[PDB]
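A.B. asks:
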Amino acid sequence: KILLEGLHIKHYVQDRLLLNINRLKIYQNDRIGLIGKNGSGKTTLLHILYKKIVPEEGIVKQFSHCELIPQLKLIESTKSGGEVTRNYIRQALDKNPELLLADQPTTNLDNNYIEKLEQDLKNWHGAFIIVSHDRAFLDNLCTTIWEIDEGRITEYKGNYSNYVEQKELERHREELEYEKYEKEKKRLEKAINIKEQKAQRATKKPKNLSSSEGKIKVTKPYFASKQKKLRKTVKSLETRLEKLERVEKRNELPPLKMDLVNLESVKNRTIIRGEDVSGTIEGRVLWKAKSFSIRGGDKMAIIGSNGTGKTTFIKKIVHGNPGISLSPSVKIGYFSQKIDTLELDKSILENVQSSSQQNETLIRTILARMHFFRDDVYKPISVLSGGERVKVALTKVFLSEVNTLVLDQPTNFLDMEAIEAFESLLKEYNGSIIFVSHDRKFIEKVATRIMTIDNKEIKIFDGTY
Amino acid sequence: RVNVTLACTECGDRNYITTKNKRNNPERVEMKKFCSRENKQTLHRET
RNA sequence: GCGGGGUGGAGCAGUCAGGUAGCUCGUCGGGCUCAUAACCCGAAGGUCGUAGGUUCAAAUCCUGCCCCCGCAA
RNA sequence: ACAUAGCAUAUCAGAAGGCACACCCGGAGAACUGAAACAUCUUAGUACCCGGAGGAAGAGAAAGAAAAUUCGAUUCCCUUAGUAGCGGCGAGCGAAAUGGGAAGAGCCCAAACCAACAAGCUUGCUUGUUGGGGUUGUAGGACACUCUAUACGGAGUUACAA
RNA sequence: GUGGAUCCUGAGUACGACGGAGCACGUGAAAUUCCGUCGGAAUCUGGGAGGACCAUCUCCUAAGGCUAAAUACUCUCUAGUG
RNA sequence: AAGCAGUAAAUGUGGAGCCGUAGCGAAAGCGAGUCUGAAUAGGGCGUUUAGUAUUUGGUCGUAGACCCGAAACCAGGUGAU
RNA sequence: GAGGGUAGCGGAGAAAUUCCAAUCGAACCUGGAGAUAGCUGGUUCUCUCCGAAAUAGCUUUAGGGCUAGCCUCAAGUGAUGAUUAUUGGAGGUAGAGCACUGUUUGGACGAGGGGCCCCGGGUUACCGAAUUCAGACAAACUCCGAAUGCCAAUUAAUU
RNA sequence: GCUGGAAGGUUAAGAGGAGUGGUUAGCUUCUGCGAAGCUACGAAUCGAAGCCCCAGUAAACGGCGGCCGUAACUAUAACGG
RNA sequence: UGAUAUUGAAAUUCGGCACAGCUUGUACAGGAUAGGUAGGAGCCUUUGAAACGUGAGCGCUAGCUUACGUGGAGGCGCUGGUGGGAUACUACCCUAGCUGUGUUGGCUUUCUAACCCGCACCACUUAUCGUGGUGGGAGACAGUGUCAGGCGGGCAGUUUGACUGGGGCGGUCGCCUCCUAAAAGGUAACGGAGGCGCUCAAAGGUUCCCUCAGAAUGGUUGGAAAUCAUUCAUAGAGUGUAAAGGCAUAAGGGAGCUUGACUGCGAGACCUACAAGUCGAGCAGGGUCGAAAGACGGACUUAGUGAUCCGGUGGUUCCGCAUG
RNA sequence: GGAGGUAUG
Ligand SMILES: Nc1ncnc2c1ncn2[C@@H]1O[C@H](COP(=O)(O)OP(=O)(O)OP(=O)(O)O)[C@@H](O)[C@H]1O
Ligand SMILES: Nc1ncnc2c1ncn2[C@@H]1O[C@H](COP(=O)(O)OP(=O)(O)OP(=O)(O)O)[C@@H](O)[C@H]1O
Ligand SMILES: [K+]
Ligand SMILES: [K+]
Ligand SMILES: [K+]
Ligand SMILES: [Mg+2]
Ligand SMILES: [Mg+2]
Ligand SMILES: [Mg+2]
Ligand SMILES: [Mg+2]
Ligand SMILES: [Mg+2]
Ligand SMILES: [Mg+2]
Ligand SMILES: [Mg+2]
Ligand SMILES: [Mg+2]
Ligand SMILES: [Mg+2]
Ligand SMILES: [Mg+2]
Ligand SMILES: [Mg+2]
Ligand SMILES: [Mg+2]
Ligand SMILES: [Mg+2]
Ligand SMILES: [Mg+2]
Ligand SMILES: [Mg+2]
Ligand SMILES: [Mg+2]
Ligand SMILES: [Zn+2]
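For the protein sequence lines, the chains are 0 and 6, in the order given. So that you can map any letter, position 457 of the first sequence is 458 in the deposited numbering, and since no number is skipped, the others follow by simple counting. So that you can map any letter, position 30 of the second sequence is 31 in the deposited numbering, and since no number is skipped, the others follow by simple counting.
1) Could you give the DSSP three-state label for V378 (chain 0): helix, strand or coil?
2) Please list the segments of the alpha helix (DSSP H) lying wholly inside the segment 159 to 226 of chain 0, counting only runs of 4 or more residues, in order along the chain.
3) Name the DSSP bridge partner or partners of residue 1 (chain 0)?
4) Give a yes or no on contact between the segment 6 to 26 of chain 0 and the segment 45 to 52 of chain 0, applying the rule of three or more CB pairs nearer than 8 Å.
5) For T144 (chain 0), which option in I131 (chain 0), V319 (chain 0), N113 (chain 0) has the closest C-alpha, if you only look at C-alpha atoms?
6) For a contact meaning CB atoms closer than 7 Å, what does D31 (chain 0) contact in chain 6?
7) Under a three-way DSSP split, which group does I364 (chain 0) fall into?
8) Does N352 (chain 0) pass the burial test, meaning 16 or more other C-beta atoms within 10 Å, or should it be called exposed?
9) Here's the rule I'm using: 16 or more other beta-carbon atoms within 10 Å means buried, otherwise exposed. How should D416 (chain 0) be labelled?
10) Compute the Euclidean distance between the alpha carbons of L19 (chain 0) and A419 (chain 0), then round it to the nearest angstrom.
11) CB of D135 (chain 0) to nearest heavy atom of ligand 7: below 7 Å?
12) Closer than 8 Å, CB to CB, is residue 115 (chain 6) near chain 0 or not?
13) Please output, in chain order, the residues near ligand 6 using a CB cut-off of less than 6 Å to any non-hydrogen atom of the ligand.
14) First and last residue of the alpha helix (DSSP H) that includes residue 1 (chain 0)?
15) Answer yes or no: does any C-beta atom of chain 6 fall closer than 8 Å to that of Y13 (chain 0)?
16) Can you pull the chain 6 neighbours of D16 (chain 0), defined as C-beta to C-beta under 7 Å?
17) Give me, in chain order, the residues of the same chain whose beta-carbon lies closer than 6 Å to that of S306 (chain 0); leave out the 5 immediate sequence neighbours on both sides.
18) Are the CB atoms of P323 (chain 0) and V278 (chain 0) within a distance shorter than 8 Å?
19) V353 (chain 0) by DSSP, collapsed to three states: which one?
20) Under the three-state reduction of DSSP, which class applies to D104 (chain 0): helix, strand or coil?
21) Verify whether the separation of the beta carbon atoms of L69 (chain 0) and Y51 (chain 0) is less than 8 Å.
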C-alpha cells in the first residue's frame, strides 16, 4: 500500500526556505528514522503530514490515518515528565494508527520504558516515522533514514551507522573533487600568465639590435600575428577554465561552543547541606527523610526511574528550607524540566536579558555561538523548536550571575553535536553542578558524586565506575 | 521579497498580483480589494 | 601601469559565508642539573599595515592611503 | 539395410542476354543546397546503383466515403485550396471528402456438406487427394422444402475455363 | 423462391508492448497502415470503422486471388505542321 | 475550369466552382451593426456601395531566374604499363 | 626483367603528409549540377522632363540587409508650404561674475593645537580652521545673462 | 589510464500493478453518486555491467617545492625552525 | 552487460502465500517470564495436589515446558497489593520459531534431445571446401534475433561572436543621469565622471500637525561634537538608493484611519522606422480618508528590465471531427 | 676452586 503522498511541498517558514519536498512517500511496512540538527524541519514536517499544519505551498493526501504523539506538549505539570510521555505513547498505540508519527518519543523516559518501547516497535507491524537523536535506539528500530539538511530530504537505506558511513564517504568524495577543481584551475591560470608574458615579449625588439636591423620595419605584421596566435591560445585555456565543472564547498556552520562568563570560584568546604528532608506529597512517601551535603566543585548527578521525585528534590533545593541548610554564596541557576521562559515575550534578547546584566554584543555573540543569528534573536520564544528553546534557557541561566547550576533534564531535545559541547563544558566547569539525566554514557565524563534514588530510599556514592 | 497572488474569500478568484517581503510580512497576507464578480469590495487573502 | 599580499620575534591557518585570534618553534621568569642543552611548571607578547564608513558585532564587507613580491616600463 | 543423396541417359520454341540516355512497380538509398551559420527539418524518398514486367504498368469491386430523401469498385482531369492541418509552429511541407467530367464490368476460391479412392485395416469414423457444391451484409451459404431446366436459352478464349 | 433447427463463413490472424517507417500528418491528444521481436482474441447475441478512448447510432464484413477502359511515355513506321 | 463538338482554330456547350453583394468576434454566435464590457457609456473594426473577366506595361514570389566564375560535397565507375 | 596482386570512407609507406600514370591537406571520369557565392568582373540603341544618397534604428551586424529619411510617376486635398515685418513665448550658450560648489594669491586678526623649555607660560613656526580687505580660475559653479536659432499667431507683404 | 576485489550505495529495459482519471447499467433528494467491461496514465518493490569505493602498477599517462635565521674578517651556510 | 524467443528433462536448497499441528510471549515495580479481547468465581484432584528424580525444549540464566517413575491432598483466584494493564480457569485469536500438506517462484548444480565443434574416422570422391553418417567434447550455456544501459575522436557531420585609428590583447555590448552638445529638440568618438539588474504593507493613499542642518553661549560622564536650553541661521539638512532637475505655500518629519499598490476603459497628445515606451483629463462601477470641498488607478520625477514559440497553474453563461 | 665451547665540557 501507499498510506500517504506529498507533492511539491514548499514550506517557507520565514524568508528562509525550510522545506522543499517532492514525491514524499511512505508505504506499508515502513519504518523511518528522521533526523537533522535543531531547527531543521522535522517536527514541522510531521505536523504537515498529520495535516495539523497546512503549508504555504503543496499537496498532502493521507490514505490511512495517523496519530501524532506531540513534542512541547501543552499540558500542565500535574504529573511527571516521562509519565506524560508514557500516557501519550499509550494513547497512540491504543488508537490503532497504521501510521505513527513520533517527534521525540524518548523524552524524559527511563531506559527501562525505552526498552519496552523498542520491544513494542519491533513486535509492531504497522508503520512509523520517528525522531529521537538516540543512536542505539534508531539502530535497533529503523530500516530507512531521512536527513533534513536545508529542506532537502535525503534518503538512506539501513541503520544510523549506515547514515554515518554514507555521509562520511560523501563528505570525503566532495572534498576531494573540490581539491581537484582548485588545483586544475590554479594550474591553468599559471599557464595563462606564462603564455601572456611570452605574447608581450613577441612584439618588443631584442636587445643590442643596431641601426640596419632596428630600421627594419617590414616584419611588424609577422610578429603581430605571432602575438595574436599566443593570445588566442590564452583564450582557449580560459575557455577550458570556464568549461570546468565548478564545484563548491558546503557552507558549513561553525561548531557549537557554549560559554560560562566567569566563576570566581572559592571552593570552600561546603556549598549545600540539609538533614532529614521528608519527601512526600500526600499519602505517598516519595523518598525517605535523609540528609545530604554538597562541597566545592561537585559534579553531582541524579539517577532515577520515572515518578521517583528527582524533580521535587530539586524543587526543595530551589525553594523552601525544610531540613535544608543553604548559604548566601550559592546563587542557583535553575533550568527546568519545563520551559521556564516567557513564550511570547517579543525577543529571545528580552527574555534572556531579563535575568542577566551584560552587553548586547556579548549576548548576541553567545547566541550566535548557539546559532541564533542577527535576525533570529528577535524571534518569539513560542515559535521556536524544542532544542533551541532549551539552548536559550541554558544561556539565560548561564549569564545569570550564578556559581551553582541546577539542571532538571538538560540534554533532552538537544542534538548530538551540542550535547558534546555541553558534556565538555560541564566537565570543565570550575564550579558546582547538580542535575538529572538518564544518560549514563553522558554521565561518564561528568559525574563526581553520583546519586541513586529507588524503592523509596536513597544512596549516594562518589566517582564513576 | 517575492511575488504574491491574492484571492477572494467567497468565490476563489485571484484578481490581483502584488509583492511582499516574506520576512517582514511573512504570514498569509490579506487586504480588502474590489472583486469584479460580486461587484463589492471584498477581503482577499493570499494563495 | 597590471595582478597578488601585510595576523605577537620567524613560518602558517582563520577572510570565500561577519559572532570573544588560533598552531609549531621562539622570548621571559622558575625548576632539574656540577653548569649549559633537552625536559617539567607558569607568564608575557598580537589598534590582524594604517585611516574612514556599514553593522548590535569587523581580521573578515566597502572606501582611501603606505609598503612587500613579481610582471612589465 | 532397407532407401536417400549422388551418378549416368533421353525430351523441352523452358531460362539466360541485349535494350527506348523514355513511361511503371519494388528493393536499397545520398550531398552540396535552403534554413541567410546548424544538428531536428529541407534538399528528397530526389539523383545514382539494382531486380522485374508490360505495352501499358500499378491499384481496384468497400471489414469504404460519409452523417441526407445518403452514395455504391478502381484509376485519371477540374475545382475544393495554397484551404484544413504538419512544422526548431522556423524555413517551409501541404491534403482529402463533397461536387463537376473521361471511362465504366464485374468474377472466381477456402469452409460447411455430398461422393469415390487411400492410411489407420475399432472392423467405429478421424486424416488426405480427386470431383461436385458454394461465396456474402436490408447477411449469405451448407442443411431441409417447393418450382423449373438440360442447352430452349445464356455466356465465351479482354477477367468470369480453356 | 421459402424456412430459420444445427454446421460454416479465411489464426499464431486481428490486436497490444517495444523500436522504426509510411499515412499532408515531425509521437504529438495520433486515429487509419506496413515491417522486425515478443505475447496473444472473437466467432453472427460475432468482428472492424466513423482521427486518442467509452456508450449509442449508422456503414461495412479484415486476415484469399483475377479484372479491360479511361492515364503515362516514344527507340521506331507513315502522313503532315511551324 | 476540365470535358464534349470543331480544321492542332475561333466559336458553341458545360454554372462543379471562384470573386463580390455584410461585417464583427478566438469562438459559440449576433447581424448594419458587432467585439470588448456591468453598461443603452466610451473605444476598435465595419455601414452609410461597385465589383468582376480578359489583357498591355510595371513589380514581387516559386522555378538555375541578368551572364560568367570557385575552392569544394555526394553517388556510380576507371586506374599499380 | 617478365608475369602478377593490393584501389580512393581506400591501398603501399626502413614514415617525408611520401607515392598511387608530368598536380594527392585525400587520384581520375561521369552524373547530381546551371552546387552555393551577401564576392569581383561584365550587362549592347537615341532623345526629352525630373533627379538623389553616402543618414537614423535594428541586425552572430558592420563592404550585406529591412524599415524610415532624401527621389520619381499618377490620383486627390487645396493654400495647409517659403521668406520677411510685428507680437509673444520656452530655453541658461559666448560673455561676465563669485551670490552657492570646488580652486587660489597676498594681507589683518586668530582657535587652539604642535616641537622645545621650565602647573602655568613662552615661540622670527603649521597654521587644520572661523572672520575680514583686495585681486583671480572653472565643460560637468552661476546672483545674472545676450546675439542667433527655435515654436507659434484669427495680422500684413512677396512667393 | 590499466589491472584485480566486491560488501554497500546510485542506475535502465523488462517483471509488477497500489492509486488517480474517462465512459455508464442502476440509483438518485435537489444533478450528485456511480458495478462490471473497455480505456489513458501509472507508484512501491525486484532488476546486470558501469560509476562511486578498496588495493596494486611508473622502461604506464605523467609529476619532482617555498620562506626565515645561523659559524674566529666578511661572504656563504655543513646546521636549525 | 541484462531481459526475451531459439530452449528441454531431474533434483537439492532458500524464500513468499494458504491450511493443520507443536507450541511459543520476561522493560521497572509486583509474590514472578503480566501476548490481545471477552466470559470469569470457581478450576483441578486415587481417571492422582504438593514435594523427590530423570529426560528434554525455550530462555532475558529468573526460571517456565512437559514424557514419565515414587508420592499420596492440597495447589491455584477473585479479595490483598502492585502496576499503564492482574494474575486461577476457559472461548477465539495475534507475535516468533519449528514441523507438515499444497502452491509459489528463485539460485544452484545434474542430465541429454535441441543448438555448437577451423575434433577424429567413413562415404559421396581423386578431392584439407561442402553435405550426410558414426563416435567423442560442449551443452540448454554459447551463437543468432529484438529490446535496454554503459563505454566509444576508432569514424563522421558541424559549431568555435561583433565593435575596434589594421587585427589581436585589454575594454565594451542592455538600461538610467550629468557634461562634450555650439541658450528649442536631437547630435558622434576606445571622450570625460557615476549608477542599475532593487527596495517600501509602509518609506503607499488620505486627514491633521511640525519645520532643518550648522555656529556662539550655559550646563555631569566633556572637542561642552552624545542628549538638553536659548539666540542666530532661507536653506548649506533631509528627500530609501547614481547624478541632474526640483521640493521648505512643502514632494521633507511625526500622529490617527485605511488599502485607489481598484475593475472596465479612454478623447487628445509626446517620442517613434517597426515592435514597444510615456502622459492623460474624463465617464461608469464599487469605495478609504476628510465635518465638507475634495484627494486617491502607488512612491518627488527620471533606471530597477527580456519578444515569440513552448510548457505549467487557476478561472470560463467558448469549441469539442456523426450524437452525447 | 680454577680454564675451554655454547647529549656536551
Ligand atoms: N513561525 C515561525 N517563524 C519563524 N521561524 C520559525 C517558525 N516556526 C519555526 N521556525 C524556525 O524554523 C525551524 C522550525 O523547525 P522545527 O520546529 O520543525 O524543528 P525541529 O527539527 O523539530 O527541531 P528540534 O530538534 O529543535 O526540536 C526552527 O529553526 C524554528 O526556529
Ligand atoms: N500535584 C501532584 N499531585 C499528585 N501527584 C503528583 C503531583 N506532582 C507530582 N506528583 C507525582 O510525584 C512524583 C514526581 O515525579 P518527578 O517528576 O519528581 O520524577 P522524576 O524523577 O523527574 O521522573 P521522570 O521525570 O522520569 O518522570 C510522580 O509520581 C508524580 O506523579
Ligand atoms: K500515427
Ligand atoms: K465505413
Ligand atoms: K591521366
Ligand atoms: Mg522537534
Ligand atoms: Mg521530572
Ligand atoms: Mg544553410
Ligand atoms: Mg507486428
Ligand atoms: Mg604524380
Ligand atoms: Mg541539386
Ligand atoms: Mg534640373
Ligand atoms: Mg565662459
Ligand atoms: Mg559654463
Ligand atoms: Mg572530428
Ligand atoms: Mg553542411
Ligand atoms: Mg573584426
Ligand atoms: Mg588596435
Ligand atoms: Mg594605423
Ligand atoms: Mg539643446
Ligand atoms: Mg464527438
Ligand atoms: Zn469574489
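The beta carbon of each residue, even a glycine, is placed where N, CA and C say it ideally should be.
C.D. replies: On the basis of the coordinates in this document:
1) Residue 378 (chain 0) sits at position 377 when you count from the first residue of the first sequence. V378 (chain 0): coil per DSSP, three-state reduction.
2) 161 to 202, 212 to 216
3) Because chain 0 here runs from 2 to 466, residue 1 (chain 0) falls outside it and cannot be looked at.
4) yes
5) On the first sequence, residue 144 (chain 0) is found 143 positions in, with the first residue counted as 1. Closest option to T144 (chain 0), Cα to Cα, is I131 (chain 0).
6) For the purposes of this step, residue 31 (chain 0) is identified with residue 30 of the first sequence, where counting begins at 1. Residues of chain 6 passing the Cβ test: none, with the nearest at roughly 32 Å.
7) To locate residue 364 (chain 0), count along the first sequence from 1; it is residue 363. DSSP places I364 (chain 0) in helix when its eight states are reduced to three.
8) The sequence position of residue 352 (chain 0) within the first sequence is 351, counting from 1. Buried, since its Cβ has 16 or more Cβ neighbours within 10 Å.
9) Within the first sequence, the letter at position 415 stands for residue 416 (chain 0). Buried: at least 16 other Cβ atoms inside 10 Å.
10) Residue numbering aside, residue 19 (chain 0) sits at position 18 when the first sequence is read from its first letter. Residue numbering aside, residue 419 (chain 0) sits at position 418 when the first sequence is read from its first letter. Taking the straight line joining both Cα atoms gives about 21 Å.
11) As a position in the first sequence, residue 135 (chain 0) is number 134, starting the count at 1. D135 (chain 0): no, Cβ never under 7 Å from ligand 7.
12) Residue 115 (chain 6) is absent from the structure shown; chain 6 starts at 2 and stops at 48.
13) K43 (chain 0), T44 (chain 0), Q72 (chain 0), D104 (chain 0), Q105 (chain 0), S386 (chain 0), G387 (chain 0)
14) Nothing in the structure corresponds to residue 1 (chain 0), since chain 0 is present only between 2 and 466.
15) For the purposes of this step, residue 13 (chain 0) is taken as the residue at position 12 of the first sequence. Yes, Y13 (chain 0) lies at the interface with chain 6 (some Cβ there is under 8 Å from its Cβ).
16) On the first sequence, residue 16 (chain 0) is found 15 positions in, with the first residue counted as 1. Those are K23, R24, listed as they occur along chain 6.
17) For the purposes of this step, residue 306 (chain 0) is taken as the residue at position 305 of the first sequence. Counting only Cβ-Cβ distances below 6 Å, and skipping sequence neighbours, we find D111.
18) What you label residue 278 (chain 0) is simply residue 277 of the first sequence in a count that begins at 1. What you label residue 323 (chain 0) is simply residue 322 of the first sequence in a count that begins at 1. In this structure, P323 (chain 0) lies closer than 8 Å to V278 (chain 0) by Cβ.
19) For this step, residue 353 (chain 0) is matched to residue 352 along the first sequence. If DSSP states are grouped into helix, strand and coil, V353 (chain 0) belongs with the helices.
20) Here residue 104 (chain 0) corresponds to residue number 103 of the first sequence, with the count starting at 1. Reduced to three states, the DSSP call for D104 (chain 0) is strand.
21) Along the first sequence, one-based indexing puts residue 69 (chain 0) at 68. Along the first sequence, one-based indexing puts residue 51 (chain 0) at 50. Yes, they are a contact pair.
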